[PDB]
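Input: a single structure, listed below in structure tokens.
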Amino acid sequence: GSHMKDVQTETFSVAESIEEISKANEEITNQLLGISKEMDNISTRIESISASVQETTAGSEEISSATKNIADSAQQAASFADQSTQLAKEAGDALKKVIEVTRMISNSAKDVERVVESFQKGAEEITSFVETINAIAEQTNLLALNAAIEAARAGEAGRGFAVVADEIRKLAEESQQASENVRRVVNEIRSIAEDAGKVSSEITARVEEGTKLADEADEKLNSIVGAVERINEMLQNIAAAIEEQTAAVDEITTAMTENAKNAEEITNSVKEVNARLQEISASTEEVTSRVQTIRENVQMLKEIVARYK
Amino acid sequence: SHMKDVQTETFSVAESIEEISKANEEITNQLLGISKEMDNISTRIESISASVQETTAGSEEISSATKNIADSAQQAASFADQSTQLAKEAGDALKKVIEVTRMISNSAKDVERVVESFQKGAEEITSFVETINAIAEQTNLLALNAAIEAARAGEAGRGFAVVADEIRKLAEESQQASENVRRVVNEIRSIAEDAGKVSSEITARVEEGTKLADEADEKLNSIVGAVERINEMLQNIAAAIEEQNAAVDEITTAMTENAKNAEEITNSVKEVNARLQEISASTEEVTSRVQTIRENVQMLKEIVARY
Ligand SMILES: [Pb+2]
Ligand SMILES: [Pb+2]
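Protein chains in written order, with PDB author numbering: chain A, 221 to 529; chain B, 222 to 528.
This is the structure we're talking about:
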């Protein structure tokens with residue numbers, strides 16, 4: 221009696237307990253389903269993260285190639301800056317030596333007023349020397365004609381006097397013709413002498429206007445040098461940017477190989493996780509199959525209580 | 222007698238609780254491995270996040286540099302402009318020196334002409350020395366000839382011996398003017414040879430003034446070529462600047478998703494770790510009920526003997 225009424229109380233508790241194990245094991249199989257969906261999310265995301273790595277490598281490759289173009293285009297631009305700097309120092313040295321030439325044009329052209337006025341001096345000098353010869357001539361002429369006219373008034377012997385006096389008068393007026401000719405040339409000499417002072421004033425004016433006008437290009441040449449040394453200063457800043465770019469691109473490629481090495485280990489850990497889950501599912505399967513061998517046996521004790529008890 | 226089926230049933234319920242316990246132990250061990258493998262995904266993820274920040278930072282200064290280069294280049298482009306403008310004038314002020322030069326080259330031509338009119342003006346003037354002198358020496362002899370006979374006639378030579386005399390004397394003054402002219406013409410003649418240098422030392426010195434200015438000419442168009450290569454070279458970096466900005470835009474958008482996915486993974490580790498904890502609990506629910514059945518399978522084997 222109490223021998224079977226306890227065999228019942230007993231099988232009541234085990235039938236009651238095994239049923240809790242069945243749901244505790246049902247709760248477990250569910251959690252396993254959720255874990256998998258999360259393991260696949262890791263997997264899928266670990267695939268996109270891997271794709272994120274390829275895009276970037278492409279960017280480091282474009283950047284580098286781009287920084288190489290910039291490092292070379294600049295390395296060559298700077299070289300023309302020294303060529304422009306040299307053609308400047310050169311064009312500078314040339315132009316400053318044209319002034320030296322123009323300054324020699326100063327003293328050398330100066331020696332001209334000595335010449336223009338030395339000839340201009342032979343004006344009243346020669347003109348007065350000639351004006352005197354005119355006076356002498358017209359006086360010999362009047363003097364000569366007077367003997368000739370006065371001598372002729374006597375007669376016989378006056379013939380002889382009138383002849384010589386008249387030939388002297390003829391020569392007297394030959395000197396007057398000579399003097400009126402030596403005059404036109406001394407007057408021409410005048411203009412060609414005076415109108416010449418007008419050129420000494422033009423060459424001196426053109427010496428100064430052309431000389432300082434040369435030193436306008438010299439400053440302009442100086443300004444390109446400055447302009448060019450600023451350009452070089454600019455290429456130099458560009459070198460430094462390039463250096464920063466080469467360093468920054470590198471640390472990026474290291475950070476990117478590091479991602480491939482970490483995404484791989486997650487993929488492998490996910491792999492290990494999945495296996496471990498497939499083994500959890502195994503043991504969970506063994507509890508389900510054994511919850512049968514207990515329930516069957518827990519109600520097989522029922523018909524033994526109905527009879528014996 | 223039938224405590225036959227009590228034993229055959231209290232035998233099976235003892236042989237199964239035995240496997241549940243074992244299955245529950247396998248479950249517990251695996252659970253401990255997953256947590257372990259789980260906490261490792263966390264570490265690698267933290268490391269992936271760092272790489273993302275290192276890349277973003279790297280990608281950022283890559284941008285500062287690109288802008289810095291874009292600016293520096295722009296400015297250099299200006300300076301080259303300021304340079305070409307000065308190459309227009311450097312050539313300009315010279316297109317003025319060649320014209321000032323050709324003006325003075327001709328003003329120098331004016332002088333040989335001057336000096337030529339003087340040399341000719343002096344050779345023509347000497348024949349007048351010759352002519353006047355001659356005429357004066359003829360007048361002299363003639364006036365002497367008149368005196369050597371005017372005194373003769375009779376008391377009629379009175380005024381004729383007087384005139385012949387002053388004629389001779391007048392003719393003696395003409396010799397003087399000529400000798401003084403001869404003196405000055407000579408001074409004038411030597412002026413010509415002295416003037417020679419200034420005359421051609423000019424076309425000579427203006428000549429090489431033109432040479433030096435023309436060398437500065439070529440040395441100057443050669444810069445507009447040198448500064449032309451620089452613009453072309455500078456033009457090659459502007460084009461590289463568009464790639465870099467594009468390259469940083471491709472890199473930022475990549476790193477942007479990589480940040481998302483890293484969070485999406487961390488968030489998944491969080492779910493799993495919590496789900497694992499629910500099963501540990503379920504594992505314990507089972508380990509507690511394994512005991513209750515053992516007691517209830519032991520108290521039953523007591524019946525097997527008792528009865
Ligand atoms: Pb850095
Ligand atoms: Pb198992």
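Beta carbons are placed, not taken as given, at the ideal position from N, Cα and C, and that holds for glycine.
Beta-carbon neighbours of residue i, restricted to chain B and to distances below 7 Å
i	result
residue 340 of chain A	Near residue 340 of chain A there are no residues of chain B at all, since even the closest Cβ is about 11 Å away, more than 7 Å.
residue 472 of chain A	276, 279, 280
residue 372 of chain A	Result: empty, since nearest Cβ-Cβ is about 12 Å, beyond 7 Å.
residue 391 of chain A	356, 359, 360
Which listed residue (the options) has its alpha carbon closest to that of residue i
i	options	result
residue 248 of chain B	A:237, A:505, A:520	A:505
residue 254 of chain B	A:282, A:492, A:297, A:368	A:492
residue 274 of chain A	A:477, A:508, A:511	A:477
residue 437 of chain B	A:312, A:294, A:284	A:312
residue 401 of chain B	B:346, B:337, B:430, B:232	B:346
residue 488 of chain A	A:239, A:236, A:240, A:259	A:259
residue 359 of chain A	A:324, A:390, A:372	A:390
residue 468 of chain B	B:348, B:341, B:287, B:357	B:287
residue 392 of chain A	B:366, B:377, B:358	B:358
residue 465 of chain A	A:441, A:285, A:381, A:345	A:285
residue 454 of chain A	B:483, B:251, B:273, B:294	B:294
residue 428 of chain A	A:238, A:255, A:327, A:501	A:327
residue 361 of chain A	A:376, A:348, A:346, A:387	A:387
Same chain, Cβ closer than 8 Å to residue i, five either side skipped, listed in chain order
i	result
residue 226 of chain B	none
residue 427 of chain B	322, 325, 326, 329
residue 447 of chain A	none
residue 253 of chain A	none
residue 506 of chain B	none
residue 541 of chain B	What the structure shows of chain B is the stretch from 222 to 528, and residue 541 of chain B is not part of that stretch, so it cannot be assessed.
residue 245 of chain B	504, 507, 508, 511
Cβ-based neighbour list, residue i, same chain, cut-off 7 Å, excluding 5 preceding and 5 following
i	result
residue 444 of chain B	308
residue 297 of chain B	455
residue 431 of chain A	319, 322
residue 413 of chain A	336, 339, 340
residue 360 of chain B	388, 392
residue 515 of chain B	238
Residue i (DSSP reduced to helix, strand or coil)
i	result
residue 529 of chain A	coil
residue 476 of chain A	helix
residue 519 of chain A	coil
residue 265 of chain A	helix
residue 259 of chain A	helix
residue 222 of chain A	coil
residue 376 of chain A	coil
residue 312 of chain A	helix
residue 326 of chain B	helix
residue 243 of chain A	helix
residue 343 of chain A	coil
residue 222 of chain B	coil
residue 434 of chain A	coil
residue 317 of chain B	coil
Within chain B, partners of residue i - CB distance below 9 Å
i	result
residue 248 of chain A	248, 499, 500, 503, 504, 507
residue 458 of chain A	289, 290, 293, 294, 297, 458
residue 379 of chain A	Near residue 379 of chain A there are no residues of chain B at all, since even the closest Cβ is about 11 Å away, more than 9 Å.
residue 465 of chain A	282, 283, 286, 287, 290, 465
residue 395 of chain A	352, 353, 356, 357, 360, 395
Listed by chain order, chain A residues near residue i by CB distance under 9 Å
i	result
residue 244 of chain B	245, 502, 503, 504, 505, 506, 507, 510
Chain B residues whose Cβ lies nearer than 8 Å to that of residue i
i	result
residue 362 of chain A	Under the 8 Å cutoff, chain B gives no residues; its nearest Cβ is about 10 Å from residue 362 of chain A.
residue 296 of chain A	450, 454
residue 408 of chain A	338, 342
Contact set between residue i and chain A, taken where Cβ atoms lie within less than 7 Å
i	result
residue 465 of chain B	283, 286
residue 345 of chain B	405
Residue i beta carbon near ligand 3 (any heavy atom closer than 7 Å)
i	result
residue 478 of chain A	Ligands present in the displayed structure are limited to ligand 1 and ligand 2, and ligand 3 is not among them.
Start and end residues, alpha helix (DSSP H) containing residue i
i	result
residue 416 of chain A	First-last for residue 416 of chain A: undefined, no H or E at that position.
residue 299 of chain B	226 to 313
residue 376 of chain B	From DSSP, residue 376 of chain B is part of no alpha helix (DSSP H); its letter is neither H nor E.
residue 330 of chain B	330 to 371
Close-in-space but distant-in-sequence residues of the same chain around residue i (CB under 6 Å, 5 per side omitted)
i	result
residue 399 of chain A	350, 353, 354
residue 399 of chain B	350, 353, 354
residue 230 of chain A	none
residue 411 of chain A	none
Amino acids of chain A, ordered along the chain, whose beta-carbon sits closer than 8 Å to that of residue i
i	result
residue 268 of chain B	478, 482
residue 418 of chain B	328, 331
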